[PDB]
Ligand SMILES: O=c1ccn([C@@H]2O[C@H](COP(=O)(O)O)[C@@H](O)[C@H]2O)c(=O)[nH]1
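In the form solved without the ligand, a lone chain appears below as structure tokens.
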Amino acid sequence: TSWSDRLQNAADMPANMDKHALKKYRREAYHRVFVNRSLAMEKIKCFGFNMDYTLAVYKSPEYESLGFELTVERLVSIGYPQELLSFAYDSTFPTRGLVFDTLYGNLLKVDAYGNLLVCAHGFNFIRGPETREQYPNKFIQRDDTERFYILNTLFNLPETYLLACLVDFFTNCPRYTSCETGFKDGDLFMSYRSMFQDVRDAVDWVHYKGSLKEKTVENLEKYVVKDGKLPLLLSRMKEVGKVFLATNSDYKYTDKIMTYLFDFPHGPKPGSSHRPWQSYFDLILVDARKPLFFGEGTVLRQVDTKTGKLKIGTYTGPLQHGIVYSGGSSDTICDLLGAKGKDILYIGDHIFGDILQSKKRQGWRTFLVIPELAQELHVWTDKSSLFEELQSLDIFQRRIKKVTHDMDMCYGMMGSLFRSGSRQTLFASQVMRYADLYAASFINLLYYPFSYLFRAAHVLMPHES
């Protein structure tokens, strides 16, 4: 059972909007909104969305496997060895948020301070003492972006596995000689850094010049979660505020996906007339180029929605019914909707480019969709005895590592998104710091009343306690 199986199972349920049913439903962890900082929903005047992995949640592992297969085929196309074709995507290996070290070719799981929690070279998981040869302080400088790449998005899951497949393949292929920083093949040297850049380039190519989007839209039931409660929630948001879309994707793709997401024989509720997806939005903006969007952005363009091409020129007019924008900046949204940052609840899947910049640069309120939480919550509640024992051992050595390994393996080979044993990951720290609210799906807002006050306990410093 993948996290998207859980989401689709919940998506198939119709919405019982009786008040008591809702309050009972929201008490379950799976349908709850989690609160890092208090948020008064009645102060929210605008709801903003990205599309990918927020409105359009791609099914797992089918979508990762398609991305992986096309990326592999691209690498072979540009001259990587034929043996790459025998790879097959394995969802049990990657956890999101790992760091690829382009110097030594390792995947690292780190805490918020760059301390190493897990280190794997290919499929070989390196134990602590052996990690000290390459990481003398068991520490990396995350901000050294020339050396380290953080595989932060769900789109990075296939390449997370592919990097490990490639390091494993070249390590064990007798044509190559393993070196500290790459692989020797006579008079050719492939550094881990150049191999990584080839992988990154191929993933970009598959998304923007290859066939990934085409294959997705030709079988949307296979690749995209669909929930009849989505138009219901959006319709309820539009009753109390304004609703906008700000997506990095282009209009043609956005139109295909959003049309599928709204393709029911009804509108917001069963029995109601169907409405086009655009009618749910006060403002639609594509080609957003986030995170630059939250700074100076790009020039504001208008989409010709008949042709899918941009009209000629910078758009200087006002907000008009039916207009679709391209580029611009977050100030475009605020100006046209008459919003201030703290009036906006912005809902995204990208802990950096959506959530981090919108919070740090503009003071928007933030809702982070974490799709994998739909399954991680089940592992967390079912194996609570493991974690409880771990807490007891901490309060009370080899037992601690054994329980830590057993707990971590329930989530996969790279453990929970949020921790390794008792130590929290970088990703966990960033969620807590930048996501005011978070949940496995933004649909969980449907189960809270219009003016709900989401509450978090006040933080005190140690000397204040």
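Sequential numbering from 1, following the sequence displayed.
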#### Entry: Unresolved deposited residues in the interval that joins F396 and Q397
10 or more
### Task
Look over 402-410 and 63-71 in the entry and identify the one with the greater average Cα temperature factor.
402-410
### Query
Comparing 250-258 with 126-134, which has the greater mean CA B-factor as deposited?
126-134
### Query
Out of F100, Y325, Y192, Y208, which one has a C-alpha B factor higher than all the others in the entry?
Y208
### Query
With respect to the C-alpha temperature factors reported in the PDB entry, which of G105, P371, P265, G341 ranks highest?
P265
### Assigned third (lowest, middle, highest) for the C-alpha B factor of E159
lowest
### Query
Hey, what third does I443 fall into on Cα B-factor, ranked over its chain?
middle
### Task
Classify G421 as lowest, middle or highest third according to the C-alpha B-factor given in the PDB entry, relative to its own chain.
highest
### Message
When the deposited Cα B-factors of this chain's modelled residues are ordered and cut into thirds, is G114 in the lowest, the middle or the highest one?
### Response
middle
### Query
Taking the C-alpha B-factors as the PDB entry records them, is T171 in the lowest, middle or highest third of its chain?
middle
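Not pictured, yet referred to below: the form deposited with the ligand bound.
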### Query
in the bound PDB entry, does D349 have a heavy atom within 4.5 Å of the ligand?
yes
### Query
Is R236 a contact residue for the ligand in the bound PDB entry, using a 4.5 Å heavy atom cut-off?
no
### Task
Answer yes if any heavy atom of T425 is within 4.5 Å of a heavy atom of the ligand in the bound PDB entry; otherwise answer no.
no
### Message
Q362 versus the ligand, in the bound PDB entry: is there a non-hydrogen atom within 4.5 Å?
### Response
no
### Task
Spot the stretch among 272-280, 73-81, 248-256, 317-325 with residues whose non-hydrogen atoms come within 4.5 Å of the ligand in the bound PDB entry.
248-256
#### Entry: The unique member of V33, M41, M407, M51 whose heavy atoms fall within 4.5 Å of the ligand in the bound PDB entry
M51
### Summary
If we test each of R200, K222, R193, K342 for a heavy atom within 4.5 Å of the ligand in the bound PDB entry, the one that passes is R200
### Query
Which residues in 179-215 have a heavy atom within 4.5 Å of the ligand in the bound PDB entry?
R200, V203, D204, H207, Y208, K213
